[PDB]
Amino acid sequence: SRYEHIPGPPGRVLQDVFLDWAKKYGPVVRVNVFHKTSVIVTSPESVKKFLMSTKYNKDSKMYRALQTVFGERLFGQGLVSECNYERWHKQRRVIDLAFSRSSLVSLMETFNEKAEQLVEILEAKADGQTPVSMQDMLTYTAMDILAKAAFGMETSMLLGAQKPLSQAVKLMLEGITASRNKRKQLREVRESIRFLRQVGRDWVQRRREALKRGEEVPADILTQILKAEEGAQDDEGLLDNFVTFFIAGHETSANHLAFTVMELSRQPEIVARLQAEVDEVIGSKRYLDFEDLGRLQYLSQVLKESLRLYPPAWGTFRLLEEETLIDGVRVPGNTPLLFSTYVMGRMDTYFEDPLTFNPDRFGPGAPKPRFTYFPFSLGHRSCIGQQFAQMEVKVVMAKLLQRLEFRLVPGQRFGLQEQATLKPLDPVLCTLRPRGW
Ligand code: HEM
Ligand SMILES: O=C(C1CC1)n1ccc2c(-c3cnco3)cc(C(F)(F)F)cc21
């Protein structure tokens, strides 16, 4: 009853329903999300007010399904799911060191090596006939990159290894979804979460044993994850961040790559322009240097436009503590506010012809979106891995565009699914040819 006065209702996803309601009912709309009454806020004035202030913190109730699933601790109080400002700030500042310019520049070797491995695997299948799941292949690549870059470990998913680990991730993601929106499913989800935490325990032991033997350990994300736990009573905080980074550090990047390949399959002119750009910047070089990344300007725009229509992480929640007027609507105290870059990206009020894929929206001369576009969120709780992700995806995309032509298999859909994050409903099945053919 406390919300009844708020405007609202009395390969398609829940986010599409929210979009329809925002269009119908205005910038402040009552909705049910994660079993809780929330208010979706879609004015840029509100995005700015709430996201750009340390006064507004995440609503812990809306992160429960990341913290724990079916009684199994998952992300716990890791960097994404910690909602206490002071606890978050402490760990954020330590882990930030692993995302410095210099830290990220050193990762270019890993990015290049895994992208090269992917391209070689794909080239061998480029007979214009063999169907290849680009969603699967890009997910394996993202996983392999993350494991090496963040933890110094070789998952070798591109070689067909670690199928149990692949299964564990899938079931865990299904578990999050089931929790927030029987006997065998619970068993499989619980065991999957325990498995992921066990991988953490194993890899942490390997790190600590290497350090004690005085072997060479390159500073990485794990280094800082350990540093943040220096004098902790147990390893539960460490494992929280291990799992957080293990999942967050590949899942959204994989989704973003899959969406981009999927969309580009019906954009031949844009693809021809991307092919030309890659040809001009990197030529026949096997390896992309950091300085080459900045020169791939058109690719940068395509990837931004991809995130406008297809943000893997659709938004975020803040807790409104006290009754506040939001865009002429009285919103009661102790209310989750939902911010969605997905919704705002598809609203004609914010983007002309919103369903048109147009990289020119992000052109040098173009007016930059003002608080209407946030695929990495905004403010203090923005994505720590933004620059990491932007670099790795550019390396992967550039090498694909350098070497291969993709055709989406007829019947493949462009629809979305929500599985904790947004991703293509279909496997992005393509046939492939070498460039030139
Ligand atoms: C294209 C790829 C990516 C997208 C679209 C993305 C998106 C986001 C978004 C929207 C948030 C805010 C989430 C919230 O408010 O609940 C976030 C936070 C975060 N992301 Fe990402 N992300 C990406 C890649 C990565 C990578 C590569 C890493 C790690 C290597 C990562 C780790 C994190 C972490 C740890 C947070 C929590 C940050 C904090 O609260 O201090 N993400 N990301
Ligand atoms: O579920 C939520 C919230 C409450 C809405 N999330 C907020 C960001 C995020 C990320 C992520 C952020 N950067 C990289 O990955 C990943 C996932 C997961 F694990 F399901 F894949 C869930 C996420």
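Here the Cβ positions follow ideal geometry from the backbone for every residue, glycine too, while neighbour counts run over all protein chains shown. Bear in mind these aren't lab numbers, they're just calculated from the coordinates by the rules spelled out.
Of the residues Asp20, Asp16, the single one that is assigned to a helix (DSSP H, G or I), acidic (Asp, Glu) and under 22 Å from the mean Cα position of the chain (by Cα) is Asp16. Report, by residue number, each residue of the stretch 374-386 that is more than 10 Å from ligand 2 (Cβ to nearest atom), at negative phi and in a helix (DSSP H, G or I). The answer is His380, and nothing else.
Return a yes/no flag: does the stretch 396-417 have any residue that is out of contact with any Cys (no Cβ under 9 Å at 6 or more places or on another chain), aromatic (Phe, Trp, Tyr) and within 13 Å of ligand 2 (Cβ to nearest atom). Looking through the stretch 396-417, none of the residues is out of contact with any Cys (no Cβ under 9 Å at 6 or more places or on another chain), aromatic (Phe, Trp, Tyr) and within 13 Å of ligand 2 (Cβ to nearest atom).
When the stretch 413-437 is limited to residues that are part of a loop (DSSP other than H, G, I, E, B) and among the basic types (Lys, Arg), the one that is farthest from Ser340 (Cα to Cα) turns out to be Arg435. Considering only residues in the stretch 220-251 that are closer than 15 Å to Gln198 by Cβ and acidic (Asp, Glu), the one that is farthest from the chain's Cα centre (by Cα) turns out to be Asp235. Considering only residues of the stretch 307-343 that are within 23 Å of the chain's Cα centre (by Cα) and more than 16 Å from ligand 2 (Cβ to nearest atom), which is farthest from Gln417 (Cα to Cα)? Result: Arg308.
Scanning the stretch 382-416 for residues that are exposed (fewer than 15 other Cβ atoms within 10 Å of the Cβ) and within 16 Å of ligand 1 (Cβ to nearest atom), we see that the one that is farthest from the chain's Cα centre (by Cα) is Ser382. Look at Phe99 and say whether it is within 14 Å of ligand 2 (Cβ to nearest atom), of a type in the set (A, V, I, L, M, F, W, C), surrounded by fewer than 21 Cβ atoms within 10 Å (Cβ to Cβ) and within 30 Å of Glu392 (Cα to Cα). When the stated conditions are applied, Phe99 passes them. Hey, can you tell me all the residues within the stretch 108-140 that are under 22 Å from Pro312 (Cα atoms) and within 13 Å of ligand 1 (Cβ to nearest atom)? Residues satisfying the conditions are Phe111, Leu138, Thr139. For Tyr373, the stated conditions hold: it is under 28 Å from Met108 (Cβ atoms), under 20 Å from the mean Cα position of the chain (by Cα) and among the hydroxyl-bearing types (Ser, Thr, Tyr).
Residues to consider are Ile326, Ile247; find the one that is among the hydrophobic types (A, V, I, L, M, F, W, C), in contact with a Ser or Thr (Cβ under 8 Å, 6 or more places away or on another chain) and within 30 Å of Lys36 (Cα to Cα). First the steps, then the outcome.
Working: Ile247 fails: in contact with a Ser or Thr (Cβ under 8 Å, 6 or more places away or on another chain).
Of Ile326, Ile247, the one residue that is among the hydrophobic types (A, V, I, L, M, F, W, C), in contact with a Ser or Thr (Cβ under 8 Å, 6 or more places away or on another chain) and within 30 Å of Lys36 (Cα to Cα) is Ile326.
Residues considered: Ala398, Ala389. Of these, the only one that is closer than 16 Å to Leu274 by Cα, part of a helix (DSSP H, G or I) and not aromatic (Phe, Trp, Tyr) is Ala398.
Of all residues in the stretch 171-190, those being surrounded by 14 or more Cβ atoms within 10 Å (Cβ to Cβ), of a type outside the set (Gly, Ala, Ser) and either over 17 Å from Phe245 (Cβ atoms) or away from ligand 2 (no atom under 16 Å from the Cβ) (or both) number 8.
Of these, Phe339, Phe259, which one is closer than 29 Å to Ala150 by Cβ and in contact with a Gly (Cβ under 9 Å, 6 or more places away or on another chain)? Residue meeting the stated conditions: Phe339. Only one of the numbered conditions (1) surrounded by fewer than 20 Cβ atoms within 10 Å (Cβ to Cβ); (2) among the polar types (S, T, N, Q); (3) in contact with a strand residue (DSSP E or B) (Cβ under 9 Å, 6 or more places away or on another chain) is violated by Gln135, and that is (1). Flag set for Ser60, criterion: surrounded by fewer than 19 Cβ atoms within 10 Å (Cβ to Cβ), more than 24 Å from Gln185 (Cα to Cα), within 13 Å of ligand 1 (Cβ to nearest atom) and polar (S, T, N, Q).
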